[PDB]
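Structure record follows, encoded as structure tokens.
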Amino acid sequence: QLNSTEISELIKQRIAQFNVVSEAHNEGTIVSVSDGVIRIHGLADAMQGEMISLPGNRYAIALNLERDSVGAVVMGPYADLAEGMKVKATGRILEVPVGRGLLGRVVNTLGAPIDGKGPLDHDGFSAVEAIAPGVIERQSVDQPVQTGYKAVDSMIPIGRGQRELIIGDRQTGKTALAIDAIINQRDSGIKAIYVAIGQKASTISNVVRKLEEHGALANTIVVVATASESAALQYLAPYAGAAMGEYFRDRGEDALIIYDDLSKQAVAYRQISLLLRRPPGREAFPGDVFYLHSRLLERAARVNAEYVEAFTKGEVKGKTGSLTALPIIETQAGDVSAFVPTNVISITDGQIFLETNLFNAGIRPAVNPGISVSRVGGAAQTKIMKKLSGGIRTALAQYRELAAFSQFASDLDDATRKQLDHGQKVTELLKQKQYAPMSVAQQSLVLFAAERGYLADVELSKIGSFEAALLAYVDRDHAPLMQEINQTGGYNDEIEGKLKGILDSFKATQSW
Amino acid sequence: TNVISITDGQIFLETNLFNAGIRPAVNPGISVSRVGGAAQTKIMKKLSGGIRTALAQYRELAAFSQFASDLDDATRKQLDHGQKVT
Amino acid sequence: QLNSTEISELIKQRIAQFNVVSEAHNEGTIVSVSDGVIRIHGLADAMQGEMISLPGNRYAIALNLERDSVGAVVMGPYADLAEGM
Amino acid sequence: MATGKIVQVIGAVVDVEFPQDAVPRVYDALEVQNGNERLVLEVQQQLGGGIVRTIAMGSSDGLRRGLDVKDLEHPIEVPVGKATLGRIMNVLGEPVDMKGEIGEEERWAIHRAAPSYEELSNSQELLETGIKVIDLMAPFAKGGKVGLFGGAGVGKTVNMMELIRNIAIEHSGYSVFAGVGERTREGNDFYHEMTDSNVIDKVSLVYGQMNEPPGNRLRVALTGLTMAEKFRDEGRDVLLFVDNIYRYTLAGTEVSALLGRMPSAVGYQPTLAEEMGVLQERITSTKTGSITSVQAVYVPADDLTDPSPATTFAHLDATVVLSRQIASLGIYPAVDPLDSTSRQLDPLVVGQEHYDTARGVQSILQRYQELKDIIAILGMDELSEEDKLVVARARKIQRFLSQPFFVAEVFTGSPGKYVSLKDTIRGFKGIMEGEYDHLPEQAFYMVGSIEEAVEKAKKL
Amino acid sequence: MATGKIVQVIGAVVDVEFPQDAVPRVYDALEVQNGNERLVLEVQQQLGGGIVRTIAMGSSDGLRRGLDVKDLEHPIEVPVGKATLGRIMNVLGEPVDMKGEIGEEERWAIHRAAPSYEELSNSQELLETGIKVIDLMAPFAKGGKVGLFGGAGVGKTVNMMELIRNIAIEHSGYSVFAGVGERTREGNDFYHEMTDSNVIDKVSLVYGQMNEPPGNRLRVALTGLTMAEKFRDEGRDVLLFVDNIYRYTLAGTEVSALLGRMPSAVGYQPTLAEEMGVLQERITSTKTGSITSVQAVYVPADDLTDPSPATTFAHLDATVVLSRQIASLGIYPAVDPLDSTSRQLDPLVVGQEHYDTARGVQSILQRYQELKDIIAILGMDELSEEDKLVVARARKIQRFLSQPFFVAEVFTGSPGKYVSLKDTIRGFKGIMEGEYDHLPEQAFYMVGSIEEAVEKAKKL
Amino acid sequence: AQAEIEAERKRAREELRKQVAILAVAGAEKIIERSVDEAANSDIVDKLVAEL
Amino acid sequence: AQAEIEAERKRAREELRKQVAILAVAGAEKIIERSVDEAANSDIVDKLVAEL
Amino acid sequence: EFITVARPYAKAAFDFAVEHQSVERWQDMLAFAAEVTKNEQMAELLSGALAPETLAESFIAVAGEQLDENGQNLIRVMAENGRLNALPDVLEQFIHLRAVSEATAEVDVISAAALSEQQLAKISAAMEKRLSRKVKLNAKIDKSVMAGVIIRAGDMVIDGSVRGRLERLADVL
Ligand SMILES: Nc1ncnc2c1ncn2[C@@H]1O[C@H](COP(=O)(O)OP(=O)(O)OP(=O)(O)O)[C@@H](O)[C@H]1O
Ligand SMILES: Nc1ncnc2c1ncn2[C@@H]1O[C@H](COP(=O)(O)OP(=O)(O)O)[C@@H](O)[C@H]1O
Ligand SMILES: Nc1ncnc2c1ncn2[C@@H]1O[C@H](COP(=O)(O)OP(=O)(O)O)[C@@H](O)[C@H]1O
Ligand SMILES: [Mg+2]
Ligand SMILES: [Mg+2]
Ligand SMILES: [Mg+2]
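Take a look at the structure:
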């Protein structure tokens, strides 16, 4: 701590660098203060979206350039402002710290550290509001991003550069599903970004604690706008997350971003619109809310190697960057015909519908396979999974068509009883415990087991212990094959023979 | 509901019962007195006991005990007394 | 606070002399066009439900007779009407 | 001193005009002499031109235009500390019992920031409650938030009085009860029960009940939090009971339009979620000290998807959801086990056996819901022979979730029971495993442990 | 020179003041420099006194008040003719494919009157698509319109990609594709599919991407339609593809709400049926040539009744409904043989052979639907001999309606097939007449033509 | 644990620089308060009018 | 380590009292764009010790 | 507030006063018409719900200093629109329009002390390079800007104050 010498020298470097000459600026005066909105009279040269600078290190986003006023929303505690204060119009747009140093930091939406573990070591700044890569810049998504859920990676693939909506009622596992997606990417080279809109701070601390108890936190950035922070910060926070993820995308790396509750960004934006007196639409949401999410989600993209080389000025070659988004939405009473669910259901590439009935009945994760979709689909899987999951799709489709008879089952004919029991066994197979992700080898093995009829005789209540025993058996006894599959995902008659051998040996030699 | 939230109880008069000549049609089970027995004369409190849950039970028991019945003597005396009471 | 179709040129005309009895009660000028509806200033003797004859041999139906202007709907392509006709 | 004039009066909100240079800040408190009286206004907005727009912390009637208002230069501030303890206080922190001045050393402004994310703490230490359903399905931790979501007249006050009885008498630290916009009768009963138990000198009481005008019901919860926040910062641990949080947002809605704000989803103010968050975010534990809270949350018209409950759910750790369709069966407490939930129901935390029992109970009750339509149409005889057993076990589990409460002896005579957790997971594991499967349904209704049920069966 | 000044900027809405001699008409385009970048505005209303209310055709950020606006005395107007083919353009007719300037011969304004009722000509020339289910069940003629109806993920876009490939490779007809609210991922997939399939040099592409302001997403349909009108005036038969009507109506709802019009039934703009008419009525087969169209229409939540799909039905001639259930059973292309319909499906126009083959297939499937729920309860063996034969033929028909597409060739790998209408009728009639009762069911799946069924049956 | 110690070092070697910076600018302001001179003030005017 | 750094923290507090005067004069001189051999150093030292 | 509703009457009055080269007369006519609005009683009558032209007449009666055609007609049109309370702002916008048309501007000078005159000469002449207009200084003194000067013209300002340096530096630190 005799570093005080350094301290004082650092302050001396800040003193030396102050270019004490003046610059002309444009000025205005506050004439109103209410609920976080201020009305500024003057600022003839204000621009829309500009950061206006108030007394104290505070700013406001000028959103209404009315004929004779400027409506601006304060980015922070506004109760201190007062009529008649003077205000300056910088030329600046909202820019945020960005770069590799952020990984493992928790920051608010201005990028101020909030974990308290000191300042940032960022790599410069980036504009919060940017335009996504054009049509010509994209490249079709053909790589997997593994969630580690049997239920998702088989029937609802997610590809690098896709945008998959997690949607469901309250308390059905939307956050658990996304955080397991993050945890699974600890080793996978994908850098994750978790951005929490309007959650209570103790929940944020809880999830960060779970990410630190697993290995994942060192990989990932957390961006926080707690429910006590003003609406401007809540509403902006998803853009600050995307601007952090694009630093990685535009440099050939892969990133994953998880906007928690876009259905609360929409609410903060509604509040801001109604206080600015903008004409309300349906359910009082302002009309542009589609544009609001549309521009945000369109930034999730995969960019071909030539756009990277053009951006990084030749420094990175032959690599394609990618940003994957998993927004979360909450629907009241399963109702998917509301304004915000229907907008984001229209924008995204797929949906994971989480059902509260399935969640109660024990099926966890509660993904509803019959109405969940993914428009990147088969293109994004490993070809072993691509091969094996087609039969799960059909098994469940026939089960869903037959299910109506389950309440008269005893009257049915065995020619259909076979199907109506295979459906139940494969469904009991897709249940999974939390924080327990599976490598692709294990999901492929466990799906092969059910696809080739091995489970046709195991009793329903034991399927889970069967699965656990199988995964342990293969992990000790046949590890090189798992290594091969996990490393390449390939499929061959050779691999199929090895798998048939493993199942035969297990089903005789071991027990569950 | 706004007013159920302000008072100290409610006397819910049900139209099905009222059409069946049960007058007054006090539906026990929904109606309650949030001050309870503290208000009653000691004799009335003694004699009444928890009678209103007795008639609530009798009235829901009649929900299953019309087309069939089981334990069909103790339920039979339960039903008999509930009917003579009502 | 909303202006009510009173504007710089018309107020300068009323400055010039207030009671503009000079104006015929039979004619007016378009002061707004939008979504197929137009607001006409003048036409003191328009009558509700009347046919108003636009330039280009078209018609408008006077539906709103208000304190200062007549709101009418256009019976055809409206896009080429302009303020001041 | 003066230097104001009134210029409007709409309902509860009053506009006041000051010289351009002296205009008060937001949330400052003004004062007016409403005749032979004193009235306190809290400023909410600064309009232009030296005007300011305020809410009246009192009866608005009797105010003329043109009165003179005095500008106190500080927000509302309330007594705080040991002095507050065992006394009843207004929203303005005046004493409202008949006893003397509050001898407090210190006063805090009721508007405060939440603690930093840096400061928060997390604890898994379970809190045992005597109530079978609550700590089977929705256990909660010391230092967490609990919320009782219910309709009108289903039991969210009686349940809170049992939680007070069970936790608060068996806990050493101080406690705070904030009565927000509910009956004065209940507050008086509570005060006399506390004083005739001699526990009153642990408990501080704040009361802005139903009778008061909207300003009081609006700002009283912030006072109750300010007192709990003091005791927390002292490094104690504290129990904070809020009598009905919904009345705070409702009092906000009543005033919203008069402040000139466009209405929103179902009439509510536009700032609903912020107004709720800025209160909810300061009622938390921290590394210096911890608050345990129980908040009753009324749901209007029994609609669990109304904006006010829907935005409340995200704040709370353990949510208990009462329902009228269960209470109309006489099954008190009327907790719905298929909607109750807790952040603490993890194998890591409650251990495998408890978690597995809870999930088994949920699975049975859900399977019973899936049958009620076919049972309703075709009658119970068309079920498979194993479904008749599912139904026969669910209809027992429902009753065994019932319990008689010590505070409810007034209503039903039967003496209350305290059931320990160890003693209830055993009973439910038993019923599920079908080893009490030879006992009539009414053997389980309103009993303590499973052994009182096996006894009650003998006597019919 | 630039003669007007900006006076307001509220989101995407901008107001401009002009001297009263120079006021732009409605739909006139204005231009302003948003710093180092040009921005154009389209006039939506004339209000007040030389004030004009406008929508920005580009990102609104960065606009100051007082910027200089130069008015073009044109509406928006776009390049047309052969020069466009194989280019991708935005709504303004600027390239976004980086292949440089378009090389326009002529520019046409995007706002123009529909053909008179006098100019139309009713001609019933059926289209041949090469898609077995569509050509058989839902035929449509030149000048007509087809609506592909279905939920998300069912295959509207890939069906349209296949339809483009078939029309362009087999019949050489110019096509315009207007992506109203296009997903950029799907637009890049389309561009690379058309360039790999080597059809691209006979298609012109227009994209209004989702991330663009509402003014862009609304007007793109008129740009694509104006390009189709130029090719029609050259006497060609062109085919116009619109990637959603639903997003067109959403962009119209957004623009209406931004302009502050009072909303209607479910928030939809007052003008919904007019905007739909103004778009749909220019797509007709005047005597000089023809525009045919196929249009995708998402049905939100499977209701088929909210105003955007309900209002579009009045204009469509054939409707093809895709179901996710069928798709999940793997019979792509996932038209549902019973629900799809066409006005052109009557003997007088399709011929009795075709009409009877279609009604036969419908009868066979409709009886198989009856039979499935006997087969479930009683098993196969209780059916009569002709009931088992009807089931076998119905399954073989249901399988035979599947087909491999040259554009799905990337998803499956299997090479696509084109099936002529002669072969479709001869195949379905031969199956229903039992000429192929000796082949197994799998032999029919995904083969393409009926001779390929006969061949495939050998190797299985 | 070592990462938590290094965090506490960075945190207390930021708040200390805040304390010095505040006292530095308060001292410079007092020096300016007495050092103020009409000739130097006129040179401030000359520099701002030349920069203008 | 937390008690060890608290010892280090007060030793830095000792060392910084000198440097903050040098920072105050450097700030004043950059602010006014001129050197100043100020006379009434009593005001400097009075601040220098009193708050620290 | 009335800024947005005074603009049309201000522009029309100014256009008229230009076409008749009587700007200087209109300015004081409007000043008088404004101060009549501020009278204790008239302000009450201006709020009362009387018919337009009766209010107009009661207002004209109080003015003999209005030119008997054009001032009356302005007042009567404003009465027809019930906007008589806007006069205080019609005046300000008229003044501003006059400034803009005559290409003459005012600039404020806020200083630690009175300047040396030739300083004011350099300040004005360079502001006439900054702005094209003929610039009229009106200097003021404030000890808060302990040294240097602030130039405040319109809403563009140049901060040469030592106080501005001191805090602009403080927020680096
Ligand atoms: N696969 C699983 N198996 C068992 N329990 C699970 C699983 N996934 C989630 N849960 C449990 O479900 C509960 C709710 O989880 P979570 O909070 O992730 O849902 P949510 O949708 O985020 O709720 P909210 O919308 O309130 O945030 C958690 O307590 C978690 O333990
Ligand atoms: N354990 C119980 N035993 C018997 N009755 C109960 C029990 N719990 C609640 N009740 C009934 O619930 C009714 C509603 O009272 P209360 O809980 O005050 O409703 P609210 O939740 O609206 O305050 C009371 O009249 C009481 O009789
Ligand atoms: N004939 C087909 N062959 C292969 N895949 C198909 C076919 N039809 C649809 N799909 C699949 O459906 C998914 C979405 O296709 P898309 O055309 O985008 O559907 P939509 O436009 O209806 O949303 C993709 O996985 C695509 O592979
Ligand atoms: Mg969550
Ligand atoms: Mg209650
Ligand atoms: Mg689609």
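Residue numbers (this note's numbering), protein chains in the order written: chain A, 1076 to 1587; chain B, 9 to 94; chain C, 778 to 862; chain D, 6 to 465; chain E, 6 to 465; chain F, 2 to 53; chain G, 2 to 53; chain H, -12 to 160.
Idealized CB from N, CA, C, for every residue including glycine.
Legend entry - A/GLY1362 versus A/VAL1419 - alpha carbon distance: Taking C-alpha positions only, A/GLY1362 is separated from A/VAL1419 by approximately 14 Å.
Inset, instruction - Return no unless some Cβ of chain J is closer than 8 Å to the Cβ of H/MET133. - result: No chain J appears in this structure, whose protein chains are A, B, C, D, E, F, G and H.
Inset, instruction - State the Cα-Cα distance for the pair B/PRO32 and D/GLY148, rounded to the nearest angstrom. - result: In this model, B/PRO32 and D/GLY148 are separated by some 50 Å (Cα to Cα).
Legend entry - Proximity test, D/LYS427 beta-carbon vs ligand 1 heavy atom, cut-off 7 Å: Every heavy atom of ligand 1 is 7 Å or more from the Cβ of D/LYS427, so no.
Inset, instruction - Pick out the complete beta strand (DSSP E) segments inside the segment 281 to 336 of chain D, 3 residues or longer, and give them in chain order. - result: Those beta strand (DSSP E) runs which fall completely within the segment 281 to 336 of chain D and span 3+ residues are 295 to 303 and 323 to 326.
Inset, instruction - Using a cut-off of 8 Å between C-beta atoms, extract the partners of G/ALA13 located in chain A. - result: Chain A residues near G/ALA13: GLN1076, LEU1077, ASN1078, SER1079 and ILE1082.
Inset, instruction - Report all residues from its chain with a CB closer than 8 Å to the CB of E/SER177; omit the five preceding and five following residues, and keep chain order. - result: Around E/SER177: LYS207.
Legend entry - Cβ of H/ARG85 within 8 Å of any chain A Cβ: Against chain A, the CB of H/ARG85 has no partner CB under 8 Å away; the residue lies outside that interface.
Legend entry - Anticipated Cβ contact below 8 Å, D/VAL302 with D/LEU153, distance rounded: Taking the Cβ atoms as the reference, D/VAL302 lies roughly 6 Å from D/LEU153, within the contact range of under 8 Å.
Inset, instruction - Consider the Cβ of F/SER36: report whether some Cβ of chain G lies at a distance smaller than 8 Å. - result: Closer than 8 Å: yes.
Legend entry - Heavy atom of ligand 4 within 7 Å of A/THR1250 beta-carbon: Indeed, a heavy atom of ligand 4 lies less than 7 Å from the Cβ.
Inset, instruction - Mind listing, in chain order, the continuous alpha helix (DSSP H) runs of no fewer than 4 residues lying wholly within the segment -1 to 31 of chain H? - result: The segment -1 to 31 of chain H contains these whole alpha helix (DSSP H) runs: 10 to 24.
Inset, instruction - Check the DSSP bridge columns for E/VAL396 and list the partner residues they point to. - result: DSSP, once it has assigned bridges, lists no residue as partnering E/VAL396.
Inset, instruction - Identify whether E/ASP242 lies in helix, strand or coil by the three-state DSSP scheme. - result: Correct three-state label for E/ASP242: strand.
Legend entry - 8 Å CB neighbourhood of H/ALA0 in its chain, flanking five on each side removed: Around H/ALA0, the same chain offers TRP13, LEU17, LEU61, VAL77 and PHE81 as residues with beta carbons nearer than 8 Å, after the five sequence neighbours per side are excluded.
Inset, instruction - Could you check what DSSP says for D/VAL151 in three-state terms: helix, strand or coil? - result: Strand, per DSSP.
Legend entry - Beta-carbon contacts of H/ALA92 that lie in its chain and below 6 Å, excluding the five residues immediately before and after: Leaving aside the five residues that flank H/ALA92 on each side, the residues in its chain whose CB is nearer than 6 Å to its CB run, in chain order, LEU118, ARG120 and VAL122.
Inset, instruction - Using only alpha-carbon positions, find the residue among D/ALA146, D/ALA61 and D/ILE331 that is nearest to D/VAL18. - result: The residue with the shortest Cα to Cα distance from D/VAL18 is D/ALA61.
Legend entry - Complete beta strand (DSSP E) runs within the segment 1365 to 1411 of chain A (minimum length 3 residues, chain order): Complete beta strand (DSSP E) runs here, min 3: 1396 to 1400 and 1403 to 1405.
Legend entry - Short Cβ contact (8 Å threshold) for D/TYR253 with D/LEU223: For D/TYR253 and D/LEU223, yes; Cβs fall inside 8 Å.
Inset, instruction - Verify the contact flag: B/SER41, CB atom, against every heavy atom of ligand 5, threshold strictly below 7 Å. - result: B/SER41 Cβ: outside cutoff for every heavy atom of ligand 5.
Inset, instruction - Answer yes or no: the CB of D/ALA448 versus the heavy atoms of ligand 6, is any distance below 7 Å? - result: Checking every heavy atom of ligand 6 against the Cβ of D/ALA448, none is found closer than 7 Å.
Inset, instruction - With a threshold of 7 Å, establish whether the CB of D/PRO409 neighbours any heavy atom of ligand 2. - result: Yes, ligand 2 has a heavy atom inside 7 Å of this Cβ.
Legend entry - Within 8 Å, strictly: CB atoms of A/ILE1257 and A/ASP1335: Not in contact: A/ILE1257 and A/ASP1335 (Cβ atoms no closer than 8 Å).
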